[PDB]
Amino acid sequence: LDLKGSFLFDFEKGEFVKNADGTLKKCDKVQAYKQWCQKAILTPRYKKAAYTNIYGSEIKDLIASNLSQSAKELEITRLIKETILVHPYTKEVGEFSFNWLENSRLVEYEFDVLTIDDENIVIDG
Amino acid sequence: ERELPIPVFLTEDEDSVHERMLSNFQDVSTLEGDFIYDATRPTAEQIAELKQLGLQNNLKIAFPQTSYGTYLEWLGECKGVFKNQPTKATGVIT
Amino acid sequence: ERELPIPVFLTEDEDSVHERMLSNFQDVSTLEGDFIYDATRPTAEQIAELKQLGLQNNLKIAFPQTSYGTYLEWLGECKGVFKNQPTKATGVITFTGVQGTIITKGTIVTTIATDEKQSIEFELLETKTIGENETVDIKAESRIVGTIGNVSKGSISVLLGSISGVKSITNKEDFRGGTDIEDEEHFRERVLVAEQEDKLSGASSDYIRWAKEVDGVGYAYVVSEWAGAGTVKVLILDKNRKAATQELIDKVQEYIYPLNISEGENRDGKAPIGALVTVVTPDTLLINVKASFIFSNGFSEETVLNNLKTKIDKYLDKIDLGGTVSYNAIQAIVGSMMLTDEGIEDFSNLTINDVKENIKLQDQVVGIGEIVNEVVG
Amino acid sequence: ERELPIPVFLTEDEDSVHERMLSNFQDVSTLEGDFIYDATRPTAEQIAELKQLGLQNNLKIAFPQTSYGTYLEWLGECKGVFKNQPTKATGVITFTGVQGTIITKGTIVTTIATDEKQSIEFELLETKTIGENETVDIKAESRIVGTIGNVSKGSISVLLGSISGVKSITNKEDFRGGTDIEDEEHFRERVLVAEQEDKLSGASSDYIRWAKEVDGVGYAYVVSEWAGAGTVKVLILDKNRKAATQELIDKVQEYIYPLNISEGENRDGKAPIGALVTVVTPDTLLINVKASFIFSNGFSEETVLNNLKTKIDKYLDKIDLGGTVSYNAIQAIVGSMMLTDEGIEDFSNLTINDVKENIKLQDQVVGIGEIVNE
Amino acid sequence: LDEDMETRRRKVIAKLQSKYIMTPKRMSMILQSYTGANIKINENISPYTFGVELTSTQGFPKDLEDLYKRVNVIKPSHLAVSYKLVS
């Protein structure tokens, strides 16, 4: 497998975190994967020409859709789930939740599961 | 054969391209092993390679002084020159 | 690093040990969970763990091919090779505040500790007072060895305590004194590189080999007892036959015969004890060509002469140290442009440094001088 | 080879381990056939076995004195020693056949396969056509590196594959080279020699080493500072430890410190720059031993005396230049021949230069004297 | 066995390290390792001699001849040697 690490990028500030040395702050494989996941979610699909069709999501386009609330909930689940699962490190994403806190303004949760989160059987002959 | 005296700016070194690449940065480590150095070096490699292999070779094959293939034959054609063709050997069997 | 072959005995399976242990029993049951099994199995398991871990690790640390850490260092000390040590970041910090304020040596100022990053501690190497000007600069050093530190220009901004009257502490320029512990594999390479059998006396051949080892040394020559007392001159030409630059000379000098040894130091260069060495480069003779050049219609005199200068210099590049300048061939170099009509309409009084014969170099290389049109009245 | 004197506690007996095992018990039968004895004996067996096979062998392979495999090679590497590799045998095949018949390089020609020997194959190293006399000499190698290649002459008369025109082929010469891998025994001494030898450069030992590198130099001795600072002397002897020939001195002179000079080649000798090395032959003071030797069976007295001459000759190397020749040491060499059963059963009345006294060299090298049976 | 273990260690370490160029750095540490006391090689002014200067806080015994034996054995054959001992 041998996934590799990457460099931090504070999405709050929209800038790379760099040490006092001036070198960019490296970080772990798992940290890099979490960094990647948020970026892929925020990248719309088919539009940013640098990436292929695999990368990116389509959540923004769903806003203009005329589908009902429940239909939009399933589409959110499908879109987020499809976008994340392309990464090798993903094991499973699910347990989605939704809260239409206002009449038409939504908050939703979902839980991601890594490859390392798997449970291993203990036996040998 | 004749050599085409290409201008220097059309034959920049990779490192010179890379050095000019790093000139813009001001408050980030531009040392080797850094993101800035490591990420920009392949660009300098391709830019220099395209400049040399792309433009100079493209310019070279344009002129007959530095053409080799069908491009040379086309250039020879334009001024009426045609490459001589092979022929069969011949003789007598007793 | 090299993989470690292991003896078959040291890699025995746990069950194989236990099976041999239970081989002698034939009257009493040896089922798992039986009393005989209880007595014997922990011994067999403990043997396998100790045999596979404790003994194999001991074998690994034995040789420098696979040793590490302190163990690899001592094998370096067997053949007298030491790994490099780290250093503390060193630099200067600017201080601003009340003039009456005084800043003492040993004061601690750090970087901005955060959730992401911890603060890097630095110590002042000097005691100063702000009495004259509001601004003062104090030399400082990182309290921790290694490339940790070597911070950016404005990184140092934190004082652990609080000194009265100080208005702002800011580093002015990035620190540079830091360097990390040498890599184990690099040091392991150094341990294994130092395995030369002979050719270590410091003869002319040895010195030439040592000079050639330093990069940029195209050719090297040795003079034995040029100043007596076993002194050795090392005349070097660069890769392109040219005189070695001063930096290259210092590198070759320092490589073979260091000159910056302090009181508590001794030369580590390839030069053995008592063999005095000095690195030299020959003198580049300049060939100033003089002739009454006549140029063609409307052409640039400077352009033609520069082209002739390039042509002659290319020929001069072929000459070696102590070579012979061919004046008569140089006539045709000037006359080459006449045949091709490259500017020169005619020339006369062709001389090289006001000489009309082949010049022989002696401890000298030859370079292009100044092309001078006589313009004789 | 050298043996490693392991401590006793690192080589406890199994029973001693077992006996110490049973010491703890106080109120239970510790006899054989009991649970305590029967259950504990395998533990003692493994503990002793691990102690011997594990630790001692592990410790043994660490040192070159008791290493055998890649561990020995690694140890030899650390001090610059490398095991010699095998090589192919080589030689010439005299072909025979119709002139103009073509034979290619790389063709497989073998010896005569037999019941007790397979077709020892060889590979032609040259492409050539049969010459004017219906013959051509082609060099060939052994396909298998090692002594198998070094076959005798006339053995290679077999060509593999259907090629006509060639009438016959043969190897006029027993092939040479064909080195196999260097043995452990040879490699161990080279590693041991490198480990023990200081292997400096510029010191007197290196001067002796360079002198002995020159052929014909049996023994060499070096005097530092013979004529003050910068001055070195070399004192060489022939294989018989007699006065070295002047040509040998000239050879060693040119090897280490040529008197002729050149601007490029100052001296280009093995000695450092700044040295002032002199090469001569020393004063050979013979020390002729005479004893009432009594000789054993299965040995020749003259051969035994020559062996004793070689042994004492080795002792003269141990004797320093200008050193003291010890009668007691010579007793050791003579008696050791008896303890080694090397053709001497008894000896007596030993007198070195007809005196039972230790002799002091006056800044000379002792030369090997004549051994006399009294 | 009867010799001091530290003396045996110092002899061994110096013995092993004698396998490269006799540069002033290597020669200093070899002699320093054998003696255990700090040593500075002077690179004496005389044409073909090298100076040795030793320093130890604890001092030395009255016998140090074997150090000179090794130095004679270890030095380049064409160079003389001088010594001075400091507490």
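Chain by chain, residues are numbered from 1 following the written sequence, and this numbering need not agree with the entry; no residue without coordinates is displayed. Written order determines the labels here, with chains lettered from A and ligands numbered from 1. A larger assembly contains the chains displayed, and the values given here are confined to that displayed part. Side-chain descriptors were evaluated using all non-hydrogen atoms of the structure, hydrogens and water having been removed beforehand.

cryo-EM is the method the PDB entry lists for this structure, together with a resolution of 3.43 Å.

Strands are runs of DSSP state E lasting at least two residues, helices are runs of H or I lasting at least four, and both sets are numbered from the N terminus onward. A count of helical and extended segments in chain D gives 8 helices and 21 strands. The C-alpha atoms of chain D give 31 Å as radius of gyration, which overshoots the globular expectation for 374 residues (21 Å, by more than 25%). Only protein chains enter the area calculation, which uses a 1.4 Å probe; residues under 20% of their type maximum are buried, those over 50% are exposed, and those in between are partly exposed. Burial statistics for chain D: of 374 residues in total, 42% are counted as buried. The sign given to each residue is positive for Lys and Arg and negative for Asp and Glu; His and the chain ends receive no count. Note on charges: their place is set at NZ of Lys, CZ of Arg, CG of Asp or CD of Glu. The centroid of the 36 positive side-chain charges in chain D is displaced by 6 Å from the centroid of its 61 negative side-chain charges. Atoms counted for the radius of gyration: C-alpha only. Globule rule: 2.2 Å times the number of residues to the power 0.38.

What follows deals with the interface of chain A and chain B. Contacts between chain A and chain B engage 6 residues on the former and 5 residues on the latter. Accessible-area loss on putting two parts together, using a 1.4 Å probe and summing over both, is the definition of buried area adopted here. Around 430 Å² of area is buried between chain A and chain B when both sides are counted, 70% of it from carbon and sulfur atoms. A carboxyl oxygen of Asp or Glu within 4 Å of a side-chain nitrogen of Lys or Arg is what we treat as a salt bridge. Linking chain A to chain B there are 0 salt bridges. Pairs of N or O atoms within 3.5 Å make up the polar contacts considered here, provided that, within protein, one atom can donate a hydrogen while the other can accept it, and that residues adjacent in sequence are counted only when both atoms are side-chain atoms. There are 2 residue pairs in polar contact connecting chain A and chain B. By the convention adopted, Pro, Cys, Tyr, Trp, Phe, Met, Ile, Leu, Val and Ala count as nonpolar, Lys, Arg, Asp and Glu as charged, and the other residues, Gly among them, as polar. Residues belonging to the side of chain A that touches chain B are distributed by class as follows: 2 nonpolar, 2 polar and 2 charged. Should any heavy atoms of two residues lie within 4.5 Å, those residues are counted as being in contact.

To continue, consider the pattern of salt bridges. All told, the structure shown has 57 salt bridges over all chains when counted by the stated rule. Among the salt bridges present, the one from C:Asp206 reaches C:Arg209, with a minimum N-O distance of 3.2 Å. In this pair, C:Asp206 and C:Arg209 both sit in helix α5 (residues 204-213), 3 residues apart, roughly one turn of the helix. You can call C:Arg209 partly exposed: its relative accessible area is 30%. Notably, a salt bridge pairs D:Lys88 with D:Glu141, separated by 2.8 Å at the nearest N-O pair.

This part takes up the sheet that holds strand β8 (residues 166-171) of chain C. Residues and elements named next belong to chain C. Ordered by their spatial adjacency, 6 strands build an open sheet running β7-β3-β4-β6-β1-β8, and the pairing between neighbours is antiparallel. Only two strands of the sheet have a single partner each, and these edge strands are β7 (158-159) and β8. Relative to β8, strand β1 (residues 88-97) runs antiparallel, the two sharing 5 bridges. Note on β8: the bridge partner recorded for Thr 96 is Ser 168. Two strands are counted as paired when DSSP detects at least two bridges linking them.

Attention shifts here to the packing of helix α2 (residues 35-62) of chain C against helix α2 (residues 35-62) of chain D. To get an axis, fit a line to the C-alpha atoms, keeping to the stretch in contact for a helix; angles then go from 0 to 180 degrees between the N-to-C directions. Relative to each other, α2(C) and α2(D) sit at 5°, their axes nearing to 11 Å. Classified by the angle between their axes, α2(C) and α2(D) sit roughly parallel to one another. Listed contacts from α2(D) to C:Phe35, C:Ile36, C:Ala39, C:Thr40, C:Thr43, C:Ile47, C:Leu50, C:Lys51, C:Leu55, C:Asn58, C:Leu59 and C:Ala62 of α2(C) are D:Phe35, D:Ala39, D:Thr43, D:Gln46, D:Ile47, D:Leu50, D:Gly54, D:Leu55, D:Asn58, D:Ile61 and D:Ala62. A breakdown of the residues in the contact of α2(C) with α2(D) according to their chemical character gives 15 nonpolar, 7 polar and 1 charged. Here is the rule for angles: anything less than 35 degrees is roughly parallel, anything more than 145 is roughly antiparallel, 65 through 115 is roughly perpendicular, and the remaining ranges are oblique.

Stacked, edge-to-face and tilted are the three classes for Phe, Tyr and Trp ring pairs, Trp counted by its six-membered ring, which pair at centre distances within 6.5 Å; planes under 30 degrees apart are stacked, over 60 edge-to-face, the rest tilted. This model, assessed by the stated rule, comprises 19 aromatic pairs over all chains. Among the aromatic residues, ring-to-ring pairing joins A:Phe7, A:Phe9, A:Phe11, A:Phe16 and B:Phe35 into one connected group. Over the ring of C:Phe187 we find C:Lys83, and its NZ or CZ is 5.9 Å from the ring centre. Counting as a charge over the ring demands two things of the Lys NZ or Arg CZ atom: a distance within 6 Å of the ring centre and an angle within 35 degrees of the ring normal. Just above the ring of D:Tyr219 sits the side chain of D:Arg241; from NZ or CZ to the centre is 3.6 Å.

Turning to the interface of chain D and chain C, a few remarks are in order. Across the contact, 38 residues belong to chain D and 44 residues belong to chain C. Of the roughly 3400 Å² buried between chain D and chain C on both sides combined, carbon and sulfur atoms contribute 62%. Among the residues chain D hides against chain C, the three largest losses belong to D:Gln46, D:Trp74 and D:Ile273. Together they make up 21% of the total. Applying the counting criterion to the chain D and chain C interface returns 2 salt bridges. Listed by contribution, the elements that provide at least two residues to the side of chain D that touches chain C are α2 and α3 (70-78) of chain D. Considering each element in turn, the side of chain D that touches chain C owes the most residues, 16 residues, to α2(D). Along the lines of polarity and charge, the residues of the side of chain D that touches chain C split into 19 nonpolar, 11 polar and 8 charged.

Our next topic: unusual backbone geometry. All names here are of chain D. Despite not being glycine, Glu 134 has its phi angle at roughly 55°, a positive value. Within the secondary structure, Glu 134 sits in the loop between β5 (128-129) and β6 (135-142). Classification of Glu 134 by relative accessible area gives partly exposed; the value is 41%.

Take D:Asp34: it is sitting in the loop between α1 (14-22) and α2. Of the side chains with opposite charge, D:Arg41 comes closest to the buried, unpaired D:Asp34, at an N-O distance of 12 Å.

We now examine the environment of C:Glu173. By the element assignment, C:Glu173 lies in the loop between β8 and α4 (184-193). Along the primary structure C:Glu173 and C:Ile93 are separated by 80 residues, whereas in three dimensions their C-alpha atoms are 8.1 Å apart.

Attention now moves to a nonpolar patch on the surface. All names here are of chain A. Candidate patch residues must exceed 30% relative accessible area and have no salt bridge, after which like charges are joined if within 9 Å and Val, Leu, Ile, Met, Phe, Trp or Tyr side chains if within 5 Å. Here, Shrake-Rupley sampling with a 1.4 Å probe gives the accessible areas, and only protein chains in the shown set may cover a residue. On the surface, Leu 101, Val 107 and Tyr 109 cluster together to form a nonpolar patch covering roughly 320 Å² of accessible area. Within the secondary structure, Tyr 109 is located in strand β4 (residues 107-114). Its relative accessible area of 52% is what places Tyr 109 among the exposed residues.

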